[PDB]
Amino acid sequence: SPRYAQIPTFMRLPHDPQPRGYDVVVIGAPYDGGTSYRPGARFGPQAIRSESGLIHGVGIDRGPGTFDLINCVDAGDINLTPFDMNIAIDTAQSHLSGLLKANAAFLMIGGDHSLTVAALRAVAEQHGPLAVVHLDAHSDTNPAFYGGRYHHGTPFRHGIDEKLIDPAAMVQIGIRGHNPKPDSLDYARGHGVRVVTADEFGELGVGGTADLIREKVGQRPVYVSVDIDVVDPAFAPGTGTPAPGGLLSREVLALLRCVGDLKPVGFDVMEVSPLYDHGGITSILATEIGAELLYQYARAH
């Protein structure tokens, strides 16, 4: 059975739209109603699934494959309307909350970053205020707009504001541009969020940044949220707000190794907009990030 054969699921996982008893459920969130610039992330889950067949959940020299250590399934997608932002967020919250009643955690494949507010609400409900590892070119702590409460530049502001996040245990890495509009990092920093700009990441290195994550997060339940635009546009052209001067794929993949030293309770990989991609490299990278997160969940638990 060649890897491109059969209806595409994430990493060729079994499909079950009403999953019960799994460790990690992969759930798509095909929605881009929060996008402020280029849309198209509504196709992110479809494209990521299509390209994911390539990727095995077996590493190099890591012993047993992820899927022999933990039980995972592709639960299909949340039925998110493209016509109403507030309804989509509520729907996502309800669906994600549902998944946690009989499954340990989910990996949400987006979809624009606004959806993370729904995920944080679901996860925080089960675990209390959460530590956060956030990889992004943008802080995403901007204020809501008239008529846009949940644009894709707001999710971590809502997370802090609603106490879904313990900002003293939040680290965001890769920051180098403004999303929707210029807004200082004063809100984040004043709340105690540790911001690691792309510049600082260059100084710290993968190792130093990983140490910083372990120190800030400790063993608190942690949600790891990855905006694909964290990496340079060369590595992830298929995204709605590219920001030149970003991380290399290998830096992001190496950094995520530290997740297995934490207590991850949820994760997401957002903002893949496949129409802007080239050779599917963005969706392939998104898959690999997802795979690494799953493996690290296994290692951690």
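Start at 1 with the first residue shown and count on from there.
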* Asked: When the C-alpha temperature factors are averaged for each of 174 to 182 and 111 to 119, which stretch ends up with the higher value in the entry?
  -> 174 to 182
* To do: Name the higher of the two by mean Cα B-factor in the PDB entry, 184 to 192 versus 97 to 105.
  => 184 to 192
* Just grab whichever of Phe83, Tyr150, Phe201, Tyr223 has the top CA B-factor as deposited. => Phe201
* Hey, out of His56, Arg38, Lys263, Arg42, whose CA B-factor is highest in the deposited coordinates? -> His56
* Lowest, middle or highest third - CA B-factor, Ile7 -> highest
* Asked: Within this chain, which third does the Cα B-factor at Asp61 fall in: lowest, middle or highest?
  -> highest
* Asked: Thinking about Cα B factors across the chain, which third does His134 belong to?
  -> lowest
* To do: Would you please rank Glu215 by its C-alpha temperature factor against the other modelled residues of its chain and give the third it falls in: lowest, middle or highest?
  => highest
* Structure fact -> Binned into thirds over the chain's modelled residues, the C-alpha B-factor of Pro143 lands in the middle
